[PDB]
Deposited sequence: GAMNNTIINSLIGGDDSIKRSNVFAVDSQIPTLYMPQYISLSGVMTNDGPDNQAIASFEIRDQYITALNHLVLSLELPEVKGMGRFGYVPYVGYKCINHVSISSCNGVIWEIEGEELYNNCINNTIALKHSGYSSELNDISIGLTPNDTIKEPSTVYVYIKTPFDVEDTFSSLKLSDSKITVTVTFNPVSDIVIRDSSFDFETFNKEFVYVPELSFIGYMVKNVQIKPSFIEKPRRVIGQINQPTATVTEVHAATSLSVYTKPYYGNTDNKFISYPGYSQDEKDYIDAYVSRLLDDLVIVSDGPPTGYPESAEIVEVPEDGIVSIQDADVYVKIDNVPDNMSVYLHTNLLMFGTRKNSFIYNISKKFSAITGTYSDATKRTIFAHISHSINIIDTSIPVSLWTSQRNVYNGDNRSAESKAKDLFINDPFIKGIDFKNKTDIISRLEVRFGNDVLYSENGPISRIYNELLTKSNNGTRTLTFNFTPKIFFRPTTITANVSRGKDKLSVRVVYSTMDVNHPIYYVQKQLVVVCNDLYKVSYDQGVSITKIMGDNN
C-alpha cells in the first residue's frame, strides 16, 4: 500500500524491554490559575526617582515575568530631540525584589539590559521605533517634537527560567519591587536649541508594574537556588578591577565602558533609529560634507581663520600633505568655483609633528550642483571614516592637548551637535566594535584561574547563549538550571582564594588621535550563588 514493502518486511517478522516513544502518561499538575496583575506604584525623590510596588495578597501564591510600563509624555517646543534606542531599559538604574527578611534578588540597570540584549521582542517593547529614536525637530514653541507613547520593560528575573517551577513563591509575605530611575538626561538625545532645563523639571517617570500571578491550591514549596549579579567598576583608565568575597560564583563577565566626564557629552552626528555601523558612519559623513565641499562665488565665508579652504584645480585632485582628494561636482555655475575644506577637524600634540585630519580621511567626492535649491547633491563618496570617528566627543577636538584650533566647521554645523548621555555605552565606540582588550588575565587569589590573548571567552559566550552581542564571560555552571544545584567556583579563604582579580592589557593608541583621551572603565560582573529559604517568609542565604 502506502508504506514501502522493504520497510514492512524489515519490521514484521520483541524480547527486549522498550521505552514508549509513541505515548506518555498525562501527569495531573498542581491545581493553579494564572492572572496578569498590574500595579501602580509610589514615587519618591540626589533626588533620584524611585518607584515602590507592594505585592501582598493571600491568593497570589507565586509570581514571575515582571514587565514595567513607562508613559512617555508629549514633547513640545523648539530644537532637536529624540530618545535613546531601547529607552525603557536605559531608564532603569536599579531593580530590587525584597521581602520582610530583606533583598531576595537585585540587578543594576545595565546588567538587566545585558541579560535581555538577545531578546529582540523585549528590546522592541522597551522602545525601538523611528517615532521614538529618530531625532525630531521642533520649529515653533508649541510644535510637537514627540507624540506621547507607552514603553514596556521586561524585567527578566531567575524566576522566569523554568516558568511555574522557577516562580517566586509568596509564603503569606509582602514582596516589594523597587525601581530606581536614571536621570532623564541619560535617555534623551538633544541639541543646544532644545530647552532641556524646562524638560528636566517637567518630566516625571510614570511607571506601572505588571507580573504573572499564580493562585495555587495546596502549594508544596521546596527550597531553590538563585544567581545574583554583582558588578565592580574599576577606576578611570585603570586596567584592573577586583571582586571581593567570591565564595560560590556561577559566572564572571568582563567588559569596558567609556567615561565622558572630561567632555560636555556633545557629538557631531547621530544616525537616529538606524543603528548599524554603516548608519553611524553615513550620518557622520553627511554632517561633514556640508562644510567639506563648498560651491561658492569666490573664497567661502563663515568659517574660522584657522580653516584652510582650497579651490579644487582643473585635474580635480587637492593634495593635503601625502593625502590626495578627488573632487568633481557637475552643473557648477560659471561665476562659482568648487572648494575643499582641507582641515575640517584636526588634532596634534606638538606644533610641527604628526597631524590627524578628518579631511585626509576622504579620497573622492562626486556630486551635482542644484540651481533650484542652490545646494550640492553628493552622488558617491570614497572615504576611510570609521565607527571611532563618529564616537569622538566634540570637546576632545577643541581640548587643551590640541595645539591646533581643532573644530574648523561652520557655526551652522556646530549648532547641529547633539548631547548623548546613554548610560549603557560599551568599549570606546557607539557600536562597541573596537576590542581594546589585547589580553585578559583572571586571578583567583595569587594563582591564574584563566588567561586569553583573543576574545575566545566572548566567542563561547556568544555561541552558548545564541547572542550576537556577548561579553568575555567565564561560565562555571554547565549544569541544567532550576532542576540542579548550580556548579560554582569554590573559594579557599585560608589560601587567600576569596577574590577575583581581573587584569587587562589595553591597546596602545596614537596620542595625535582624539580617541586616545576617551577615559576607560573596566566592568567586572560576578554572579553569586544564593539559597532561597521559605521557612517563616522568603529569604536568601549566600553560599559560602
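Residues of the deposited sequence lacking C-alpha coordinates, numbered from 1, fall in the stretches 14-15, 48-50, 550-553.
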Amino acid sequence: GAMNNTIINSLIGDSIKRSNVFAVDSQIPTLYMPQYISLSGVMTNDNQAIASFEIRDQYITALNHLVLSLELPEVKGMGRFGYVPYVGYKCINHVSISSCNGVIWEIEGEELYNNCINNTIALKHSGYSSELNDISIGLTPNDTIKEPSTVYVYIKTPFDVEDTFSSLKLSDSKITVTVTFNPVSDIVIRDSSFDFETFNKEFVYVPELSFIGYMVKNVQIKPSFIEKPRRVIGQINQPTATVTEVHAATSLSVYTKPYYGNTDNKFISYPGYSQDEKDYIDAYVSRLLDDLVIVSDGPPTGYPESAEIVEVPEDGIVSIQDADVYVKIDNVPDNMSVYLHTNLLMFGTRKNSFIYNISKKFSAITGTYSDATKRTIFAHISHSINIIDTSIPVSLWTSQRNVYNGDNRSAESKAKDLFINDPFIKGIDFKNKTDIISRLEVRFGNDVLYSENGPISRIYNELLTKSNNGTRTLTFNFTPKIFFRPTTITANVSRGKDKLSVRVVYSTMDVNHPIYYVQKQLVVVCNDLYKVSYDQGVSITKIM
From here on, numbers count along this sequence of modelled residues.
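Once the C-alpha B-factors are averaged per stretch, 109-117 and 352-360 rank with 352-360 first. Annotation for 457-465 versus 287-295: the higher mean temperature factor (C-alpha) is found in 287-295. In this structure the maximum Cα B-factor among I212, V403, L474, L449 is found at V403. Highest CA B-factor among the listed residues (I437, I145, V327, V87): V327. Ranked by C-alpha B-factor against the other modelled residues of its chain, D160 falls in the lowest third.
When the CA B factors of the chain's modelled residues are split into thirds, the value for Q275 lands in the lowest one. Ranked by C-alpha B-factor against the other modelled residues of its chain, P29 falls in the middle third.
In the PDB entry, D134 places in the lowest third of its chain by CA B-factor.
Placement of the Cα temperature factor of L39 within the chain: middle third of the modelled residues, per the deposited record.
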